[PDB]
Amino acid sequence: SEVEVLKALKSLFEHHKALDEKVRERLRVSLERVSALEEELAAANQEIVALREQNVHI
Amino acid sequence: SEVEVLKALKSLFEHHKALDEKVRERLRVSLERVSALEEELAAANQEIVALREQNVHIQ
Amino acid sequence: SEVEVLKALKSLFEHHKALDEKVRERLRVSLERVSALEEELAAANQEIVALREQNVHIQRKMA
Amino acid sequence: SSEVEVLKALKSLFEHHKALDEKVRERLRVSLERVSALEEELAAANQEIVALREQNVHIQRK
């Protein structure tokens, strides 16, 4: 039936669209996490140097 | 025609499947990178408090 | 692109519908025409029988 | 539903539409030819009516 097939197709496309957004939502959150962690790790490694050199002085 | 509509519909489905797989792999790679960075940061923070502990004693 | 293909499909369906209706109408007109003609032909054949029966009657009278 | 199943349904929908279409178009073909055939038969019957009517009036006077 026409209406039946058309319904099933629009159903599929919407199901696909929602899953796709879900994955791009996870991907987005992940790539933000990499940048945040790179920045934190940079600061941590700078702190390790300062603390090490402080101990050799003190 | 009937053929052109069927062709376009099949092409659409194929493209979506392939694109989804491509995005998911990008995601898999990124999640692994997050995991690696988390481990590195945990190691760095462990070293930091260890260094702070040494300082406490020297002081 | 999903939206355009669904519109294309709906349009094909509506086109098929319109064309089916046109041909169906042609068929209805032609079947009615056949029916009118079969009616006229049946009546003509009845007149032929009546005339042949009348001419048999006349020839009996004569013989 | 799955993509394969929906496409199979669609392909089925199309093939069935044409099955009924070309059968309607064929009914129309036979019917148009039937109209022509009946026009010839009716013309022949009217001619026979004329011949018989003429013969009828004649033998009546004979």
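Residues numbered from 1 in each chain as written, not as in the entry; some residues may be left out. Chains lettered and ligands numbered in written order. Heavy atoms only, no water.

Enquirer: Got a minute to help me understand the nonpolar core in this structure?
Expert: Grouped burial of nonpolar side chains is what soluble globular proteins tend to show. Within the largest apolar cluster, 21 residues are counted, with the highest numbers of intra-cluster contacts made by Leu9(A), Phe13(A), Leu9(B), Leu9(C), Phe13(C), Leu10(D) and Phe14(D). Counting only elements with at least two residues in this core, the list comes to α1 (2–57) of chain A, α1 (2–58) of chain B, α1 (2–62) of chain C together with α1 (3–61) of chain D. Per element, the largest residue contribution to this core is six residues, and it comes from α1(A). Once residues within four sequence positions are removed from consideration, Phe13(A) is found in contact with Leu9(B), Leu12(B), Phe13(B), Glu2(C), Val5(C) and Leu6(C). (Core = buried A, V, L, I, M, F, W, Y, C linked by side-chain atoms within 4.5 Å. Buried < 20%, exposed > 50% of the residue type's maximum accessible area, 1.4 Å probe, protein only. Helix = DSSP H or I, 4+ residues; strand = E, 2+ residues; numbered from the N terminus. Contact = heavy atoms within 4.5 Å.)

Enquirer: Whenever I open this one, the packing of aromatic side chains confuses me. Can you help?
Expert: A complete count under the given rule lists two aromatic pairs over all chains for this structure. With a centroid separation of 5.5 Å and an interplanar angle of 35°, the aromatic rings of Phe13(A) and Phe13(B) are classed as tilted. In this pair, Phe13(A) is assigned in helix α1 and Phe13(B) in helix α1, connecting two distinct chains. The exposure classification of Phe13(A) matches that of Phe13(B), with both residues buried. Both rings, one in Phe13(C) and one in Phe14(D), keep their centres 6.1 Å apart while their planes meet at 55°; by these two values the pair is tilted. Of the two residues, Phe13(C) is situated in helix α1 and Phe14(D) in helix α1; the pairing between them involves two chains. In this pair, the class of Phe13(C) matches that of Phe14(D), namely buried. (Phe/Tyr/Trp six-rings, centres within 6.5 Å; stacked < 30°, edge-to-face > 60°.)

Enquirer: Looking at this structure, I do not really get α1(B). What am I missing?
Expert: Working note: α-helix, 3.6 residues per turn, so residues spaced by three or four point in the same direction. In this model α1(B) runs 84 Å from its N-terminal to its C-terminal C-alpha over 57 residues, within 8% of the 84 Å that 1.5 Å per residue would give. Two to three positions downstream of the cap, the backbone nitrogen of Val3(B) sits 3.3 Å from a side-chain oxygen, assigning the N-cap of α1(B) to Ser1(B). (Expected span 1.5 Å × (residues − 1). Polar contact = N/O pair within 3.5 Å; in protein donor to acceptor, adjacent residues only side chain to side chain.)

Enquirer: Would you mind showing me how to read the interface of chain C and chain D here?
Expert: The figure often quoted for interface size is the accessible area lost as the parts come together. Contact residues are listed per partner, giving 29 residues for chain C and 28 residues for chain D. Between chain C and chain D lies a buried interface of about 2700 Å² when both sides are counted; carbon and sulfur atoms form 70% of it. Looking only at chain C, the three residues that lose the most surface to chain D are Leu27(C), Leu41(C) and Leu51(C), adding up to 19% of its buried area. Summed over the shared surface of chain C and chain D, the result is four salt bridges. Residues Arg52(C) and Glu48(D) are paired through a salt bridge, measuring 2.8 Å at the closest nitrogen-oxygen approach. Taken together, the residues that form the side of chain C that touches chain D break down as 15 nonpolar, six polar and eight charged. (Buried area = accessible area lost by both parts, 1.4 Å probe. Salt bridge = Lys/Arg side-chain N within 4 Å of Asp/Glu carboxyl O. Nonpolar A, V, L, I, M, F, W, Y, C, P; charged D, E, K, R; others polar.)

Enquirer: Sorry, what's going on with the packing of α1(A) against α1(B) here?
Expert: When two helices pack together, you describe them by how their axes are tilted relative to each other and by the distance separating the axes. Packing of α1(A) against α1(B) brings their axes to within 7 Å, and their N-to-C directions diverge by 20°. The pairing of α1(A) with α1(B) is recorded here as roughly parallel in orientation. Crossing hand, α1(A) versus α1(B): left-handed. For the contact of α1(A) with α1(B), the residue count by class is 26 nonpolar, ten polar and 17 charged. (Axes fitted to C-alpha atoms, helices over the stretch in contact; angles between N-to-C directions. Parallel < 35°, antiparallel > 145°, perpendicular 65-115°, else oblique. Left-handed = near helix turned anticlockwise from the far one by under 90°.)

Enquirer: Sorry if this is basic, but what is going on with the interface of chain A and chain D here?
Expert: Each partner contributes residues to the interface: chain A has seven residues there, and chain D has eight residues. Approximately 570 Å² of surface area, both sides summed, lies buried where chain A meets chain D, with 78% of it carried by carbon and sulfur atoms. On the chain A side of the contact with chain D, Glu2(A), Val5(A) and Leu12(A) bury the most area, a combined 63% of that side's loss. Our count for the contact surface shared by chain A and chain D stands at one residue pair in polar contact. Residues belonging to the side of chain A that touches chain D are distributed by class as follows: four nonpolar, two polar and one charged.

Enquirer: Before we go on, may I ask you to explain the environment of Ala44(A) in this structure?
Expert: Tracing the sequence through the fold places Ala44(A) in helix α1. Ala44(A) sits 26 residues away from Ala18(A) along the chain, and the two C-alpha atoms are 39 Å apart. Excluding anything up to four places from it in sequence, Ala44(A) contacts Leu41(B), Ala44(B), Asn45(B) and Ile48(B).

Enquirer: Teacher, can you tell me more about the environment of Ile59(D) here?
Expert: By the secondary structure assignment, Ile59(D) is in helix α1. Put simply, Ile59(D) and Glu15(D) are 44 residues apart on the chain and 65 Å apart in space, counted from C-alpha to C-alpha.

Enquirer: It is not clear to me how the pattern of salt bridges should be interpreted in this structure. Could you clarify?
Expert: Where charged atoms from two side chains of opposite charge approach closely, those side chains can pair. All names here are of chain B. Considering all chains together, one arrives at 19 salt bridges over all chains under this definition. Across the salt bridge formed by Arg-24 and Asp-20, the nearest N and O atoms sit 3.1 Å from each other. Highlighted residues: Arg-24 and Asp-20, both in helix α1, separated by four residues, approximately one helical turn. With a relative accessible area of 18%, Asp-20 lands in the buried category. Through salt bridges with shared partners, a single network forms among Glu-25, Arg-28 and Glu-32.

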